[PDB]
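1. 3D model of this:
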Amino acid sequence: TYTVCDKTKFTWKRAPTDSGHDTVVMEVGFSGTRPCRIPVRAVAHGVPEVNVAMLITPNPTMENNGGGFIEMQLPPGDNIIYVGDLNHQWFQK
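-> Numbering: from 1, shown residues only. Provided below are the atomic coordinates:
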């Protein structure tokens, strides 16, 4: 089912982590859905008011090994990535 992948199909391989080049990465794994459109969003400090998912890699896809690595960020501050049903807070600094 290559398409908008269902929010609960991925898993926390690696929660939102500061990439290293001064941005954020997150790593997610699929259960079956092939090249999908990964609904990766982020909310400011566990508060879904404004989406803070300004994606350094704004076109993530899940493949034969899963979404893999993605890149997100928002001007230094509290972010958290809600990868569909997945989520994990972390102020990016």
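2. mind listing the strands in the chain by residue range?
-> Assigned strands in the chain, in chain order: 11-18, 24-29, 40-44, 47-51, 68-72, 77-83, 88-92 (criterion: DSSP state E).
3. For those strands, give me a markdown table that also has mean neighbour count.
-> Where you see a C-beta, it was placed from the backbone N, CA and C, and this is true even at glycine. Below are the strands of the chain laid out as a markdown table (neighbours: other CB atoms under 10 Å):
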| stretch | mean neighbour count |
| --- | --- |
| strand 11-18 | 16 |
| strand 24-29 | 22 |
| strand 40-44 | 21 |
| strand 47-51 | 11 |
| strand 68-72 | 20 |
| strand 77-83 | 22 |
| strand 88-92 | 17 |
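4. nearest to residue 57, of these?
-> Across these, residue 57 has its closest neighbour in strand 68-72 (3.8 Å, CB to CB).
5. Show me how far the closest one is from its chain's centre.
-> Chain-centre distance of strand 68-72: 6 Å, with CA atoms, centre = their mean, to the nearest Å.
6. swap in stretch 62-72?
-> Relative to the centre of its chain, stretch 62-72 is centred 9 Å away, using CA atoms, centre = their mean.
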